[PDB]
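The structure appears below as C-alpha cells.
When we count neighbours, we look across all protein chains shown, and the Cβ atoms used for this are built from the backbone with ideal geometry, even at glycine. Values in this text are rule-based calculations from the coordinates and carry no lab data.
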Protein chains: 2
Amino acid sequence: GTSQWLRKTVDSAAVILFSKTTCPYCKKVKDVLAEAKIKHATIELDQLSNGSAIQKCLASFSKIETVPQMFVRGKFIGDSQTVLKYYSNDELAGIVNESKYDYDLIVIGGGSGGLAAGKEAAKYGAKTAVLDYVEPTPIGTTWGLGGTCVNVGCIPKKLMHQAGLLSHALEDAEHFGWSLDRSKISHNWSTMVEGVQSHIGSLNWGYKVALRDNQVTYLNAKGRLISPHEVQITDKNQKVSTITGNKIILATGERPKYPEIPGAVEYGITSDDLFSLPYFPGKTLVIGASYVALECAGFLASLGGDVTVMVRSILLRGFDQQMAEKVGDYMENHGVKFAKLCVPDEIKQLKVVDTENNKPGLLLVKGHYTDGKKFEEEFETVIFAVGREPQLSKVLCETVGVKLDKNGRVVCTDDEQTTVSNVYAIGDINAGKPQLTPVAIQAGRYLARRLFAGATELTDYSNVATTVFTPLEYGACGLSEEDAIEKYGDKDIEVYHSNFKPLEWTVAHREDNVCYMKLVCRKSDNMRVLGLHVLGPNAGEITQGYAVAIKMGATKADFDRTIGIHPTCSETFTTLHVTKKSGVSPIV
Amino acid sequence: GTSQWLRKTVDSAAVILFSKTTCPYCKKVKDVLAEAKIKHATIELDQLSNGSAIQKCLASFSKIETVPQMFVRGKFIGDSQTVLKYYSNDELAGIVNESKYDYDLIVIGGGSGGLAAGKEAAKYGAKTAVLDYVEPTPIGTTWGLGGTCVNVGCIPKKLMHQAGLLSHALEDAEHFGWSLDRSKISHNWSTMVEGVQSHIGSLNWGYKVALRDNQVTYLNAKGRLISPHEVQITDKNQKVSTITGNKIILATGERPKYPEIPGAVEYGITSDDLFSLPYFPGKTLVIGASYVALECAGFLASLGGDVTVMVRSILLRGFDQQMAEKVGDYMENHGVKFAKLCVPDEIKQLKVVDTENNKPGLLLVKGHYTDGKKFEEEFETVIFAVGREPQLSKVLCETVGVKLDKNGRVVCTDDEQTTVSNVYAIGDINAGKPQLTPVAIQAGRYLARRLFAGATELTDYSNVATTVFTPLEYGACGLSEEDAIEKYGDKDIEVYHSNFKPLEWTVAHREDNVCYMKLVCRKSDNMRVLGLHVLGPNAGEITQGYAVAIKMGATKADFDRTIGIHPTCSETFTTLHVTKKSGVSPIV
Ligand SMILES: Cc1cc2nc3c(=O)[nH]c(=O)nc-3n(C[C@H](O)[C@H](O)[C@H](O)COP(=O)(O)OP(=O)(O)OC[C@H]3O[C@@H](n4cnc5c(N)ncnc54)[C@H](O)[C@@H]3O)c2cc1C
Ligand SMILES: Cc1cc2nc3c(=O)[nH]c(=O)nc-3n(C[C@H](O)[C@H](O)[C@H](O)COP(=O)(O)OP(=O)(O)OC[C@H]3O[C@@H](n4cnc5c(N)ncnc54)[C@H](O)[C@@H]3O)c2cc1C
Ligand SMILES: NCCCCN1CCN(CCO)CC1
Ligand SMILES: NCCCCN1CCN(CCO)CC1
C-alpha cells in the first residue's frame, strides 16, 4: 500500500518536501523556502514506521533514495543542491509556480466547508481560488461571504435564540432578587437584527481578510464546472470567463424549498430572509416541522410574538420521536400554537410590506386539516421551513460526468471523491452525510490535507452529535431509540432514563419533570451506549463531551464509574438507573 | 477468591437471598418476602460466571448447594420450604428482625455521603439509623438535614452564583434588543436569601420524608462512637443514651476554620453564615483564596457589592496555576478588588449588627503586606474562607481505635474501611480523597452495596472532574499542567490550547481572548489526555462529558476525530491544534 499512497501523494501535492527532522540538508531547504515565502507540505520520513520503504519508493520518481526531495505538481524538482541552484539563479519562483492550470484548487462555494478547505489547502502551497455567489431570494435578500451557517443559519439563529433565552432570564431575575418588572419590558426586533447583522458583517469581512492573508484568491462570481478542470465564472457585471484548476471542490450548499401553492413565493419568506428582516415579523405562521421551523418559531415566541406552527404530520422527522414530542410539548406550553395535521392551500395578500416604516404586511392563509375542517387565519408573516435542496443544475453542466442521486446531491466515495476523479464534494451537497457545519469543516480540512499534504485520515461521519436550539434545547448523539430497536431488536435494547430539574429552575419556579435524558444501550454488547439524548438548558454543552466517549465505544459502566460534577444538569448522566423495561417512573 | 467474597458477603448482609432468575422456588420466596414487606438483597447466581462455584461454597454455610437460600445477619435461615414454614407460622417477622444490635447500620452524619449510604443500605433490608446534628456557628446559625452542600455549600452557592450571572444577563439583554435599562435596576439581598432558603427548606423536608418512606430512623442528635458498635447520642434535650449498630459509617464532614487573631470569631463570619445571612453584607472583605473565597467574592460583586479579597500568597493552591491566574484576572477586571500578599492582624468592631432593621455592622480590619505597608480599611462584613477542617474529636473517643492522620481525617483502605473493621468513613473526612459531593454520594452508595448486597465495585477516585463557579467558571478534569510536567518531565508533555469567545458574547460586546481551554497530553503514551481545563460559561456542563472519555483513556486523536456541535463553547475541544511548545499565540 505504501507505493499506492506515494504515487497518489506525489501526483496531487502542489509543493511537497520529503524530509527528516534531523537532516541539516533538509533544514537548508526549509530555510530557503521559508525565506522565499514558498509554502509547502512536509513529510518527515523519520516519523513514519514505513519511512524507510517510502524512501525506496521515491527512487521510482526521483532516481534517488535520500532526503530531502522536493516535488512540484507531480514532478521531482531536486535534492538540496538542485533547489539551491534554482534559488541562487532566481529560477525557483518560476519553478514552483509552473502549472498546467491557473489554480491547484478551485472551491466552488464560499461556505463552512469550502472556506475551511481552501484555507487549509493554501497552507501547503496549493494555489487556491474560492468562488462564492449568493443568488438573491425572491424578495431580493442577499448577504456576504461565509455560507449558510454564518449568514442565514447557525450563527444568527443561535443569536436570536439567545435573545429569546434572555426573556426568561429577565423573568427569573425577579425571583433571584432583582428589582426588574418583566411585564413592563418589551423587545425591539430591529435593534436585535442590527446587532446580529453587525456581527455577521464582521465575519464576512474576517473571511475576506483571512483569504487575502493566506494568498487565496476570492472571486465573488458564480462558478459553473463545464469540464473536469474548467470553471466558467460570471461576475456581478455579467462578464463571463474561464479559469482552470487541477482539483475542484464542490461546496455549494442548499437553499430553502417553497411549496407549489399560490402566493408562497410572492408573499411568504424563508429563513434566508428572516435573519436580516428589516421589519418585525409580527403575528407569524411557520409552515413546517423541521429543526429550522421549530427553532425559528421558538425564538419568535420568546421575543413576545404571536406564533403558530403548521404541522403536516410529525415534528422533527428523522429524530427520536419521544424527544421530538417533548420538544414540541414544551413549546406549546410556553406560547407556541400548533396547527396539527394541517397543510396550506393558498397565501393571499391583504397588505404589502411597509418599506418606509419597517412594518410587515398582512396575509390570509387558507389550508385544511386531515379531519376536513378548513384553516383560514390572518398572519403578518408566513415563513416556509419545509426542507432545503441542492442547486447543482446551476453549477455543473451534466456533461461533466459528476453523478447525482435522485435528490440532486453528489454521490461520493468515503474520501469525498465524485465520479470525476479530480472533483470532490463536501458539506450539505454530499449525499448521505449529516448536514452540519462542523461536518463540512472537518471534511474540507481533512480532504485538503489528503490532497496536498499526503495525509490519509478520512472524516468519520458516524455518531455525529447534534443540538436543536428550541426554547428548551435538545442534544443527541447516536441512534434514536426507535432506530436502535429496529436494528437490534427490542430484546437486545435497554434504555436508562430520568427526568431532572436544573438547579437554576428551582428559585425561578420553573417546571419539575420536564427536562429529560436517556441512554439507549445494547445488552449483548456490554451495554454499549448506542444513543444519548438530553432535553434541557445548554444541551449542546452537555452533549459535546459525551460524543468523544461514544466515539470511543462507551458503555453504561463507563458512565457509571465516572463521577458527576455538582451542581450541573450533565451529572445526571452519571447516575442513571431506571430502565424503561422496569416500568418505574423516570420522575424525580 | 470466590470463597473469601462469599464469607464476607454472608457475614455482612442483613437479609440476602441467593437465587436464580428462572427458579420458581426462588420466585415463591421473593413473593412471600415482598408480600410481607421484607426488604432484601438478591444475588442471581445464573448471572455470574462463577455462579456454580458460589453454589458449592454456600454449602459451607447452609449444608446445601441449591437455590434459594436465605440468610439473615450471617446465619442461613432456610430454603423455600423453611421460609414458608416460618411465614405460615407467623415466625418470619421475628426471624428477619433478630439481631445482636439495634441497627444493621448507624450513619453518623446526615450529609451528602451519609444520606446516600443510609438510603441505599435500607433498600437491601439493613435496619438503618441516620444521626445528624448541626453545631451552631459562633453567631448562632444552624440549619436542617442534608449536610454542607445542601445547606451552606454547593446548593446555595450556585443559586447565588446564578443571581450574579443574571446581572450580566440583564446587561446583555439590552444589546439583544430588550428595552431594559440595567443602570436603573438594583438587587435585594433578602429577597434572594428568602428564595434560596425556601428551596433549602424543601430539601431538608424532602430528606426527612425520603428517610421515613424507606423505613430509616432519623435522629436529630449528636453521635459519639464510644466503642466499635456503640454510639452514644445526645438529643436536643441533652438526654444521653446508647444505641448499637453492626456497621458504622462516619460521614460527619468538615467546618470552616478561623484564624487565631483578635476579633475573628466575634466579628467575622464564614460561608456557614453567609447563605442565610438576614442582613445584606454590604462592603465586604473575603479573607482567603480558596474556591469558596473566590466563588463568594464573585457573586457578591456581581450583585453590586463592594468586594475585596485578601490573598496571603496565591489563588486556588492545588489547582492549575495558569488557570487560577486567569480566573482571578477576570474577577479583578469585573469589579473584585484584590489585596495581594496580605494577611490580617486584627478585626475591631465599629458597629454591631442591626437585628431590627437587618443591616450589617461595621468593622475595622488591620493587616499587613509583605512589603511592610499596613492594611487598614473599614468593611461592613468580613468573611473568613481560609480552609475547612474535620471535627472528629467530638465524634470518636480516641480509645475506639480509629486511626486519624495529622489533619484529623480518617485513614481508610480503598474500600472506605477504617482501622476498626466494622467502621467506615466517607466524604470529606476520608483522608486523601477529593472533597466533593458526588464523590461522597458514590462512595456511600457503593459502600452500602458492598456491605449489604454482596457487591464488589469500589469507588474510583482518579480523574474526578471539578468546577469552580467563579464569575467566569473554571472546569477541570485530571492533572494540572505543572503536576503533569513534574510527574513525566517537560519533554514528555505536549499542551494544546486555544482562546475562544462564546457566540453569546459577540452581540453583547464582551471580551475576545479571555475564555481559554487546554489539553495537557503525554507524548510517549499516544498523546493521552492527562488533564483538561476550560475557563468559560457553563464550564461544568462543558467538562462533565469529557470526564467519561478521560476515564476511558482518551487521547488527543480521540478528541480530533470527534465532530463538534455548532455553535457551542465545548466544540473548540475538538479542533485544538496550537501547542505551547510551538510558541504560537492561542488567541483567535
Ligand atoms: C436556519 C438554519 C439553521 C442552521 N443551524 C445549524 C446549527 O445550529 N449547527 C450546525 O452545525 N449546522 C446548522 N445549519 C446547517 C449549516 O448551515 C450547514 O450545514 C452548513 O452551512 C453547510 O455548509 P456548506 O459548505 O455545505 O454550504 P453553505 O454554507 O450553504 O455554502 C455554500 C456557498 O456556496 C454558494 N454557492 C452556491 N452555488 C454556487 C455557485 N455556482 N457558485 C459560487 N457559489 C455558489 C452559496 O450561495 C453559499 O454561499 C443550519 C442551517 C439553516 C438553514
Ligand atoms: C461554600 C462551599 C461550597 C461548596 N460547593 C461545592 C460544589 O459546587 N460541588 C461539590 O461537589 N462540592 C461542593 N462543596 C463540598 C461539599 O459540600 C462537600 O464535599 C460535601 O457536603 C461533603 O459531604 P459529607 O457527607 O462528607 O459531609 P457534610 O455534607 O458536611 O455532612 C456531615 C453532617 O454530619 C453533621 N455532623 C458532624 N458531626 C456530627 C456528629 N457527631 N453527630 C451527628 N452529626 C454530625 C454535620 O453537621 C453535617 O450535617 C462545597 C463546600 C462548601 C463549604
Ligand atoms: N434534516 C434531517 C434531520 C434528521 C437527521 N437525523 C440523523 C440522526 N441524528 C442523530 C441523533 O439521534 C438525528 C437527526
Ligand atoms: N481544597 C483543595 C483544592 C485542590 C484540589 N485539587 C485536586 C486536583 N483537582 C483536579 C483538577 O486539575 C484540582 C483541585
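Values as computed for the structure displayed
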{"read-out": "Chain A, rotation onto B, residue closest to that axis via Cβ, with its distance in Å", "value": "A:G545, 1"}
{"read-out": "Calculated label separations, A:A210, copies of the chain, 7 Å along the beta-carbon direction, nm", "value": "4.7"}
{"read-out": "MRE, 222 nm, helices only [DSSP H, n ≥ 4, -39500 (n - 2.57), over chain B, to nearest 500]", "value": "-10000 deg cm²/dmol"}
{"read-out": "Cα-based equivalent ellipsoid of chain B: semi-axis lengths in Å, sorted from largest, via gyration tensor", "value": "48, 32, 22"}
{"read-out": "Per-copy distances of the A:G432 label point, shortest first, in nm (7 angstrom along Cα→Cβ)", "value": "5.4"}
{"read-out": "17 Å Cα-Cα reach of B:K523 towards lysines, excluding residues that sit fewer than 8 places from it in its own chain", "value": "B:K487, B:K491, B:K556, B:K580, B:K581"}
{"read-out": "At 7 Å out from Cα toward Cβ: B:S462 inter-copy label distances (nm, ascending)", "value": "2.8"}
{"read-out": "Relative exposure of B:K406, A:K366, judged by other C-beta atoms within 10 Å (fewest first)", "value": "B:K406, A:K366"}
{"read-out": "For region B:464-571: Kirkwood Rh in Å [reciprocal of mean 1/r, alpha carbons]", "value": "14.4"}
{"read-out": "Residues B:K518, A:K257, A:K123 arranged by fewest to most Cβ contacts within 10 Å", "value": "A:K257, A:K123, B:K518"}
{"read-out": "Cα radius of gyration and Dmax for region A:138-279 (Å)", "value": "20.7, 67"}
{"read-out": "In Å, descending, principal axis extents of the Cα set of the protein assembly as shown", "value": "99, 84, 70"}
{"read-out": "Partner chain coverage, peptide B:532-538 - average Cβ within 10 angstrom", "value": "2"}
{"read-out": "Spherically averaged projected area in nm², based on the convex hull that wraps the Cα atoms of region B:257-386", "value": "7.7"}
{"read-out": "Anchor A:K63: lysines whose Cα lies under 18 Å away (excluding residues fewer than 8 positions away in-chain)", "value": "A:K8, A:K75"}
{"read-out": "5 Å binning of all Cα-Cα separations within region A:1-100, expressed as whole percents from 0 upward", "value": "3, 13, 27, 27, 18, 9, 3, 0"}
{"read-out": "Cleavage-rule hits, GluC sites (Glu not before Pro), region B:74-132, DSSP coil, Cβ neighbours within 10 Å at most 11", "value": "B:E91, B:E98"}
{"read-out": "At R0 = 45 Å, FRET efficiency that the Cβ-Cβ distance of A:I314 and B:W5 yields, to 0.05", "value": "0.30"}
{"read-out": "Stokes-Einstein diffusion coefficient of region B:329-439, Kirkwood radius over Cα pairs, 10 °C, 1.306 mPa s, in µm²/s", "value": "87"}
{"read-out": "Estimated inter-spin distance, A:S227 and B:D354, nm [label 7 Å along Cα→Cβ]", "value": "9.0"}
{"read-out": "Net length gained if the chain between B:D235 and B:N214 were fully extended (0.36 nm per residue, minus Cα distance)", "value": "5.3 nm"}
